[PDB]
Amino acid sequence: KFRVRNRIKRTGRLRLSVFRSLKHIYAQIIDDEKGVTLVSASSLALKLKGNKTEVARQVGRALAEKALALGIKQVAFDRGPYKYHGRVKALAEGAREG
Amino acid sequence: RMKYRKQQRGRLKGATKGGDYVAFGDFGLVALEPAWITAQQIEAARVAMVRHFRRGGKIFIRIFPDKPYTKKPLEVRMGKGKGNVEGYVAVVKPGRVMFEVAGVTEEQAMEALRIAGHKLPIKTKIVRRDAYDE
Amino acid sequence: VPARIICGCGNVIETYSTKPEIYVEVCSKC
Amino acid sequence: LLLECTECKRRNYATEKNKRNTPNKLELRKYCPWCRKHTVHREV
Amino acid sequence: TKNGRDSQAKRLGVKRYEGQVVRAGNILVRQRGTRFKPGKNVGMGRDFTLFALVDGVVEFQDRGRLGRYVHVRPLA
Amino acid sequence: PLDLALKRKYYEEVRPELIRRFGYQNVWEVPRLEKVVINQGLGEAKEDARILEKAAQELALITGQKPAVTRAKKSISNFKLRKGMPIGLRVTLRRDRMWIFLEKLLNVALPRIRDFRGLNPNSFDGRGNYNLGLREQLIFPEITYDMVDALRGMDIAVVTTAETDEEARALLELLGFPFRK
RNA sequence: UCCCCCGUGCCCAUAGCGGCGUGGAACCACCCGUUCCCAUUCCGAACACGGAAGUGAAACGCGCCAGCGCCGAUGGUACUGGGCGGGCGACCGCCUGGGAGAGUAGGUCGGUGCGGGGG
RNA sequence: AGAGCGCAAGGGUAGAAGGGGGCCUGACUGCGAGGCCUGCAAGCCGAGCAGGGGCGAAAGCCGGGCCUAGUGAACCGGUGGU
RNA sequence: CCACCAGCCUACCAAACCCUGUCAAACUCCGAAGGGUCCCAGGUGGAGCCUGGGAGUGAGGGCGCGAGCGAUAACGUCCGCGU
RNA sequence: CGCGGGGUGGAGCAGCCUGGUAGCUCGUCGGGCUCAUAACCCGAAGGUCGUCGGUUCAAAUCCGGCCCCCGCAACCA
Ligand SMILES: [Mg+2]
Ligand SMILES: [Mg+2]
Ligand SMILES: [Mg+2]
Ligand SMILES: [Mg+2]
Ligand SMILES: [Mg+2]
Ligand SMILES: [Mg+2]
Ligand SMILES: [Mg+2]
Ligand SMILES: [Mg+2]
Ligand SMILES: [Mg+2]
Ligand SMILES: [Mg+2]
Ligand SMILES: [Mg+2]
Ligand SMILES: [Mg+2]
Ligand SMILES: [Mg+2]
Ligand SMILES: [Mg+2]
Ligand SMILES: [Mg+2]
Ligand SMILES: [Mg+2]
Ligand SMILES: [Mg+2]
Ligand SMILES: [Mg+2]
Ligand SMILES: [Mg+2]
Ligand SMILES: [Mg+2]
Ligand SMILES: [Mg+2]
Ligand SMILES: [Mg+2]
Ligand SMILES: [Mg+2]
Ligand SMILES: [Mg+2]
Ligand SMILES: [Mg+2]
Ligand SMILES: [Mg+2]
Ligand SMILES: [Mg+2]
Ligand SMILES: [Mg+2]
Ligand SMILES: [Mg+2]
Ligand SMILES: [Mg+2]
Ligand SMILES: [Mg+2]
Ligand SMILES: [Mg+2]
Ligand SMILES: [Mg+2]
Ligand SMILES: [Mg+2]
Ligand SMILES: [Mg+2]
Ligand SMILES: [Mg+2]
Ligand SMILES: [Mg+2]
Ligand SMILES: [Mg+2]
Ligand SMILES: [Mg+2]
Ligand SMILES: [Mg+2]
Ligand SMILES: [Mg+2]
Ligand SMILES: [Mg+2]
Ligand SMILES: [Mg+2]
Ligand SMILES: [Mg+2]
Ligand SMILES: [Mg+2]
Ligand SMILES: [Mg+2]
Ligand SMILES: [Mg+2]
Ligand SMILES: [Mg+2]
Ligand SMILES: [Mg+2]
Ligand SMILES: [Mg+2]
Ligand SMILES: [Mg+2]
Ligand SMILES: [Mg+2]
Ligand SMILES: [Mg+2]
Ligand SMILES: [Mg+2]
Ligand SMILES: [Mg+2]
Ligand SMILES: [Mg+2]
Ligand SMILES: [Mg+2]
Ligand SMILES: [Mg+2]
Ligand SMILES: [Mg+2]
Ligand SMILES: [Mg+2]
Ligand SMILES: [Mg+2]
Ligand SMILES: [Mg+2]
Ligand SMILES: [Mg+2]
Ligand SMILES: [Mg+2]
Ligand SMILES: [Mg+2]
Ligand SMILES: [Mg+2]
Ligand SMILES: [Mg+2]
Ligand SMILES: [Mg+2]
Ligand SMILES: [Mg+2]
Ligand SMILES: [Mg+2]
Ligand SMILES: [Mg+2]
Ligand SMILES: [Mg+2]
Ligand SMILES: [Mg+2]
Ligand SMILES: [Mg+2]
Ligand SMILES: [Mg+2]
Ligand SMILES: [Mg+2]
Ligand SMILES: [Mg+2]
Ligand SMILES: [Mg+2]
Ligand SMILES: [Mg+2]
Ligand SMILES: [Mg+2]
Ligand SMILES: [Mg+2]
Ligand SMILES: [Mg+2]
Ligand SMILES: [Mg+2]
Ligand SMILES: [Mg+2]
Ligand SMILES: [Mg+2]
Ligand SMILES: [Mg+2]
Ligand SMILES: [Mg+2]
Ligand SMILES: [Mg+2]
C-alpha cells in the first residue's frame, strides 16, 4: 500500500515523509538517490502541546523555518499510508504556510 | 498417453545421460549402441523374458517410448508424415540400463536377459549389481 | 429505542429494538 | 458504426467511432476546435 | 497440411548496451513486456519501449526481486 | 446505548469464570465476542429483486443494521448464475448491536423454535468460532405472521478471540448457548 | 565514540516460514469514546477525529533454536572457441584454451546508510 | 501468484496493468528534439514547446484501451468547410 | 453380508499426495563454450569512410559442421557458419 | 489417399447455419368398438444425439483427431 511513495519517488525530489502516530506527528525532507534527511520537524520530540490537528499545523511551520534556512522548496509531499485529511492535511497546510 | 502430435527427429549425440546404474532388481541389461527402440521391440523382449521363466520373478523396464515415429505412405513429398506406422520409440544412448530382473537364480536371469538382447537391434551387456550406489 | 418483551410466562424482558410491543409466547425461562 | 463530430454554432469535424445498437443512442463528448476553444460536439 | 504460417519478425531486444553514449530521446530497449524496468533518466512508451531522457551513458542495474533496470548517467 | 443485560453477563460473571478453567496471565488472553455476521442464501429469489427488498427490511428489523447485498462471483448456468446479477444478503453486526441481538436470539429466538432441542456442539471449526442455521426467520421478536410472504431462513456466524475452540465451547455456554451436548 | 527505540532508504531469502523467550520508563501498538472533520455497496473492521484508564494478549521490536525454505564449495565430469587423428555409418579418440548442471562438505534465522527521541 | 488482465499465443504483471468508487472526455488542436526498424515506400517509440482543458491538496498524470493482429499506395468519384 | 444403511476383506482399475527411476523442438530452478555491441590500444592494408561514372549477378555445386523434411535412404531436398 | 455430405427414441426423417427447451410419421404399450382380428377412437412410454478431446456460465448445435456410411475424382505421356 506504499504505492504512494513509489509514485512520488519517480517525480522531482525532496520527499516530505510524514509518519504519524496515535499521539505523535513527524516529518522529514529526504533527498533520496542517497538516502539522507535534510530537515526533521518532529512533534513529540520538539515539545508541542496537545490538540493534534492544531498541533500538526504548528510542526508544519517548524519545517518551513528549518527548510528555507537551508534553501528548499520542492513541496513533494509523501502522504504515507495515511489519507490526506486529518493531522496530515494540517501538517501539510501548515508546512505550506511558507 | 497425451503429449501433442508428432515430433522432430533430433540426433543421438554422445551417450552423456546415455548411462546409468541398476536401481531395481539384481541383474540388468544395458545398451551399448545408440538407437531408437520400438515398442514392438521392448515388448517382444519383455514377453520373451517372462515366457522363458514362467510364473518367475519380476521384471522392470526403465526405457519408455514417448517419441512418435513418422512415415510417409509410399509417395512423394507433401506435408509432414502421417507417421506412427511404427508408432512410438524410446531414445537409447549407449550405457543406459533398460531391463531389470529379480527373484531368480543367476543362470535363470543370465538367460532371460541373454534373450531380450536378441530381440533388440543393438549390442548389449548384462550386469551384476556391482556395488555402486547412492 | 427500548422495548418490553412480554414472554408467554412472566419474565417481561427489556432491551432495544423497533416496536416496543412484543407478544412473545414462551421463552428461555420455560 | 463510423462517425465524425460536428461543432455547435459552427460546422467543425473530427475523427470518431460510435457503436450504434449497444448503449449509445446520443453522443456529444467534448473536443477542442481550432477556432474558438472548447465546445460540445453532436453526433451527426 | 494447414500449417504454413507465421508472423513478421519484430527485431526487439536491447538496443543500447551499457557504457554506450546516447543522445536524449533515442531508444534503449524494445520489449514484449517489462523485461527491463525504466529507472533514472529513462522513460517508457505504450509498447513498453525504454528511451533515454537526456544525453549521457547507459548502465544496467539488477535489483533481484524488483527486476532489472536501465539507467542513463548524464554528463555535459 | 452502551449498556444491556448480556453485555454485563460477560463481565460481572462470565469473564472471571473463564479465568477459573484456564487462568489467563493477561487480561486480553481471555476470549471475547467481537463479530456477529448474518447471511441469507437467496439464490432462490435471484430472479427478480422483487422478492428481496422484503427479506432485506425484515433482516434489518431483527438486527437493527441496514443489510448489504452480496453479488455472485462466478457464473453457473447449472442453476441460472452469471456475473453478479445474483444475490445474497450479509450484515456484520458488532459493538452493542451484537449484544442486543444475541440477547434476543438466546433468550427468545431459540426457545420459540419449532421443536428445539439444543445447538449442535460439533459446529466448532477448529479455531474458536460457531455457526448454525435457521429454517425460519419468524422465530424472531418483531416479526409478525401476516408480514412474512415467504419463509426464508438463514445462518449466523459468531467470532471469538479464542484460539482453540475448546475454550470457545465454554465462553458460549456461559453466555447462554443451550448446547445439545 | 556506546546502548534502546521511531521514521526512512540501500542489497534482494544467508533478510523467509515456523517453534521458545524477552521488552512498555521512552517510543509503538492495541486500547476509551464516536460530539466535531471524515468514513461503511452493512458495521468506527477499515478510513477519521477527540483522547484518559488498562495492557504488552494481538501487532511490531530484540534474542535464541537448523524441522521446512534459502544460500552452497572443493574435486571430477558433460559440453565446447581453436587445432588434429581413426571407421559403412548411427559414431568415436587426442592436443590446446574455456568449463557447467546435478550431487557431496558446509553456511544462514541477516548485514548497513541518513535524520530524530531517549540513559 | 498457479487468478485476473475483452478475444490466439507469448512476454509482462498484485510495489497493478487486476476488482470497486467520485468527478470526468486528453478516443484534444498546432507541432516534434532524438531514435527503432528499413532496398523503396511504409510501420513503430518519443521527451518537450504553445493553445485551451480534465482529475488531484499537491508532486503530477491524460495526444484512448498491459503489449504485440483487427488491414489497403495511387488513381477516379461523394459529402462538409475556408 | 444385506438391506433402515451400515461393516470388513480386496495378489482388480485408479485421482491427489510421497519415495525410487526417467522423457520433452513448441517444458526450464539452472546454464557453458561462444557470439553481439560499445570504450581504450595494436593494426598503412589492392584496409576503411563520403560524393559520383560504369557494371555484371539475381539457375549455383560439392565438402565440413549445426537443424527441418525424408526412411538417423538418395550425387535427395531446405536453411545456418565456413570453405 | 483427394475434395463434399452424413451418423438424432425400434424404422425413416426434422432440429445444428443463428448454442439454452430435441420435433414429425410409423411401430411398441395400456384402454376402448367387434362374436373375434384389422381398420378406427382414447392414453402412455421410449433417444449415450457415432467416438475421443477442445471452447463456453452452458454443446445435438462451435473447433479438432478417429471409426463408419454416401457421392464425386483418380487425368497427360
Ligand atoms: Mg511393468
Ligand atoms: Mg511426382
Ligand atoms: Mg486427414
Ligand atoms: Mg465494424
Ligand atoms: Mg460491425
Ligand atoms: Mg513457416
Ligand atoms: Mg516460412
Ligand atoms: Mg523476470
Ligand atoms: Mg506517453
Ligand atoms: Mg556514551
Ligand atoms: Mg508448540
Ligand atoms: Mg483506548
Ligand atoms: Mg453524529
Ligand atoms: Mg472539529
Ligand atoms: Mg468538510
Ligand atoms: Mg486523531
Ligand atoms: Mg504471553
Ligand atoms: Mg507474529
Ligand atoms: Mg540457547
Ligand atoms: Mg539447514
Ligand atoms: Mg537437512
Ligand atoms: Mg568445478
Ligand atoms: Mg563406417
Ligand atoms: Mg559414424
Ligand atoms: Mg578451466
Ligand atoms: Mg555445481
Ligand atoms: Mg531464517
Ligand atoms: Mg547492516
Ligand atoms: Mg505459476
Ligand atoms: Mg499468467
Ligand atoms: Mg485472463
Ligand atoms: Mg485479456
Ligand atoms: Mg502470459
Ligand atoms: Mg515490484
Ligand atoms: Mg478498474
Ligand atoms: Mg484501478
Ligand atoms: Mg465506475
Ligand atoms: Mg524539439
Ligand atoms: Mg524523427
Ligand atoms: Mg525507410
Ligand atoms: Mg527504389
Ligand atoms: Mg508528451
Ligand atoms: Mg499549457
Ligand atoms: Mg505524455
Ligand atoms: Mg482493455
Ligand atoms: Mg493505460
Ligand atoms: Mg484500464
Ligand atoms: Mg512486441
Ligand atoms: Mg490508373
Ligand atoms: Mg453404502
Ligand atoms: Mg453411503
Ligand atoms: Mg473397510
Ligand atoms: Mg530444450
Ligand atoms: Mg518457449
Ligand atoms: Mg560448460
Ligand atoms: Mg566479441
Ligand atoms: Mg566483448
Ligand atoms: Mg609502407
Ligand atoms: Mg581489391
Ligand atoms: Mg577492394
Ligand atoms: Mg572511417
Ligand atoms: Mg559506384
Ligand atoms: Mg541489373
Ligand atoms: Mg528472379
Ligand atoms: Mg539451382
Ligand atoms: Mg555451400
Ligand atoms: Mg561426417
Ligand atoms: Mg571429423
Ligand atoms: Mg522438403
Ligand atoms: Mg540422427
Ligand atoms: Mg547426402
Ligand atoms: Mg438409429
Ligand atoms: Mg435456435
Ligand atoms: Mg430464429
Ligand atoms: Mg403411434
Ligand atoms: Mg394397443
Ligand atoms: Mg384408450
Ligand atoms: Mg387420458
Ligand atoms: Mg402406458
Ligand atoms: Mg456431437
Ligand atoms: Mg452403416
Ligand atoms: Mg454399408
Ligand atoms: Mg468416379
Ligand atoms: Mg483429373
Ligand atoms: Mg491417367
Ligand atoms: Mg490431359
Ligand atoms: Mg487431353
Ligand atoms: Mg496437350
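Right above here is the structure, for reference.
So, here's what we can say about the structure. (Residues numbered from 1 in each chain as written, not as in the entry; some residues may be left out. Chains lettered and ligands numbered in written order. Part of a larger assembly, values for the part shown. Heavy atoms only, no water.)

### Regarding the overall build of chain A
Alright, step 1. The helix and strand inventory of chain A stands at three helices and four strands.
Alright, step 2. Each helix and strand of chain A, ordered N terminal to C terminal, gives the series α-β-β-β-α-β-α.
Alright, step 3. Expected size for 98 residues packed as a compact globule is a radius of gyration near 13 Å; at 12 Å, chain A falls within 12% of this value.
Alright, step 4. Structurally, chain A occupies a C-alpha span of about 35 × 35 × 20 Å along its principal axes.
Alright, step 5. Here chain A holds 98 residues, and 38% of them are scored as buried.
Alright, step 6. Look at the contacts in chain A between residues 6 or more apart in sequence, and 53% of them connect residues 24 or more apart.
Alright, step 7. Carbon together with sulfur atoms contributes 53% to the accessible area of chain A, which is approximately 6,300 Å² in total. (Helix = DSSP H or I, 4+ residues; strand = E, 2+ residues; numbered from the N terminus. Rg over C-alpha atoms; globule rule 2.2 N^0.38 Å. Buried < 20%, exposed > 50% of the residue type's maximum accessible area, 1.4 Å probe, protein only. Contact = heavy atoms within 4.5 Å. Areas by Shrake-Rupley, 256 points an atom, 1.4 Å probe, with all protein chains shown as cover.)

### A closer look at the protein's contact with RNA strand J
Alright, step 1. By nearness alone, every residue bordering RNA strand J is listed as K2(E), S75(F), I76(F), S77(F) and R82(F).
Alright, step 2. A share of 55% is what sugar and phosphate atoms reach among the atoms of RNA strand J within 4 Å of the protein.
Alright, step 3. In this structure, a sugar or linking oxygen belonging to RNA strand J sits 2.8 Å away from a side-chain N or O atom of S77(F).
Alright, step 4. Interatomic distance of 2.7 Å between a side-chain N/O atom of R82(F) and a base nitrogen of RNA strand J.
Alright, step 5. Here the surface near RNA strand J is built from residues that sort into one nonpolar, two polar and two charged. (Near = heavy atom within 4 Å. Polar contact = N/O pair within 3.5 Å; in protein donor to acceptor, adjacent residues only side chain to side chain. Nonpolar A, V, L, I, M, F, W, Y, C, P; charged D, E, K, R; others polar.)

### Concerning helix 2 (residues 106-118) of chain B
Given 3.6 residues to a turn, an α-helix orients residues that are three or four positions apart in the same direction.
Residues and elements named next belong to chain B.
Alright, step 1. Taking 1.5 Å of rise per residue, the 13 residues of helix 2 would be expected to cover 18 Å, and the 19 Å separating its terminal C-alpha atoms lies within 8% of that figure.
Alright, step 2. Among the residues of helix 2, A109, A112, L113, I115, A116 and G117 are the ones counted as buried.
Alright, step 3. Looking at the buried positions of helix 2, the neighbouring elements they touch are strand 1 (27-31), helix 1 (39-52), strand 6 (97-101) and strand 7 (124-127). (Expected span 1.5 Å × (residues − 1).)

### Comments concerning the interface of chain F and chain C
Alright, step 1. Listed per partner, the contact involves 14 residues of chain F and 13 residues of chain C.
Alright, step 2. Where chain F packs against chain C, one counts one salt bridge.
Alright, step 3. Across the chain F-chain C interface, the total number found is five residue pairs in polar contact.
Alright, step 4. Per element, the largest residue contribution to the side of chain F that touches chain C is six residues, and it comes from helix 3 (residues 95-109) of chain F.
Alright, step 5. Of the residues in the side of chain F that touches chain C, the class split is eight nonpolar, one polar and five charged. (Salt bridge = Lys/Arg side-chain N within 4 Å of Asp/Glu carboxyl O.)

### Regarding the environment of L102(F)
Residues and elements named next belong to chain F.
Alright, step 1. Among the secondary structure elements, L102 is positioned in helix 3.
Alright, step 2. The exposure class assigned to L102 is buried, which follows from its relative accessible area of 5%.
Alright, step 3. Measuring from C-alpha to C-alpha, the distance between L102 and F124 comes to 18 Å, with 22 residues separating the pair along the chain.
Alright, step 4. If near-sequence neighbours (up to four positions away) are discounted, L102 is found in contact with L6, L33 and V36.

### Observations concerning the protein's contact with RNA strand G
Alright, step 1. Among the 54 residues in the neighbourhood of RNA strand G, the closest are listed as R15(A), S21(A), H24(A), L12(B) and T92(F).
Alright, step 2. Within 4 Å of the protein, atoms of RNA strand G come from sugar and phosphate in 78% of cases.
Alright, step 3. Within the side chain of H85(A), a nitrogen or oxygen atom sits 2.7 Å from a base oxygen of RNA strand G.
Alright, step 4. Within the residue set of the surface near RNA strand G, elements represented by two or more residues are helix 1 (3-9), strand 2 (28-31) and strand 3 (36-40) of chain A together with strand 2 (68-69), strand 3 (89-93) and helix 3 of chain F.
Alright, step 5. Taken together, the residues of the surface near RNA strand G sort by class into 15 nonpolar, 19 polar and 20 charged.

### Regarding the packing of aromatic side chains
Alright, step 1. The full count for this structure, using the stated rule, is 15 aromatic pairs over all chains.
Alright, step 2. Pairing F77(A) with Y84(A) gives two aromatic rings, centres 6.3 Å apart and planes at 85°, and the pair type is edge-to-face.
Alright, step 3. You can call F77(A) buried: its relative accessible area is 18%.
Alright, step 4. Of the residues examined, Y84(A) reaches a relative accessible area of 36% and is grouped as partly exposed.
Alright, step 5. Each ring, one from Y130(F) and one from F177(F), has its centre 6.2 Å from the other, and the planes form 75°; the classification is edge-to-face. Remark: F177(F) occurs in the segment after helix 4 (165-175) and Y130(F) occurs in strand 4 (residues 127-134); sequence separation between them is 47 residues.
Alright, step 6. Judged by its relative accessible area of 1%, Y130(F) is buried.
Alright, step 7. Ring pairs connect the aromatic residues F124(F), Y130(F), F177(F) and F179(F), which therefore count as one cluster.
Alright, step 8. For the cation-ring pair, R63(E) lies above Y69(E), with the distance from its terminal atom to the ring centre recorded as 5.4 Å.
Alright, step 9. The positively charged end of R169(F) is found above the aromatic ring belonging to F179(F), 3.8 Å away from the centroid. (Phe/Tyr/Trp six-rings, centres within 6.5 Å; stacked < 30°, edge-to-face > 60°. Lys NZ or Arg CZ within 6 Å of the ring centre and 35° of its normal.)

### Focus on helix 1 (residues 5-22) of chain F
Residues and elements named next belong to chain F.
Alright, step 1. Between the first and last C-alpha of helix 1 there are 25 Å, a value that for 18 residues agrees with the 26 Å anticipated at 1.5 Å per step.
Alright, step 2. At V14, helix 1 shows its strongest bend, of approximately 50°, with the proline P16 following within four residues.
Alright, step 3. All of the buried residues in helix 1 are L6, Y10, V14, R15, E17 and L18. (Bend = angle between axes of the 7 residues up to and from the residue.)

### Digging into the sheet that holds strand 4 (residues 77-78) of chain A
Residues and elements named next belong to chain A.
Alright, step 1. Read from one edge to the other, the open sheet built from four strands follows the order 3-2-1-4, with strand pairing classed as mixed. Only two strands of the sheet have a single partner each, and these edge strands are strand 3 and strand 4.
Alright, step 2. Here strand 1 (residues 15-17) pairs with strand 2 via three bridges, running antiparallel. Residue pairing across strands places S17 opposite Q28, the latter belonging to strand 2.
Alright, step 3. Each of strand 1, strand 2 and strand 3 touches helix 2 (residues 53-68); the most contacted strand, strand 3, lies at about 120° to it. (Pairing = 2+ DSSP bridges. Axes fitted to C-alpha atoms, helices over the stretch in contact; angles between N-to-C directions.)

Taken by themselves, the reported measurements are silent on function.
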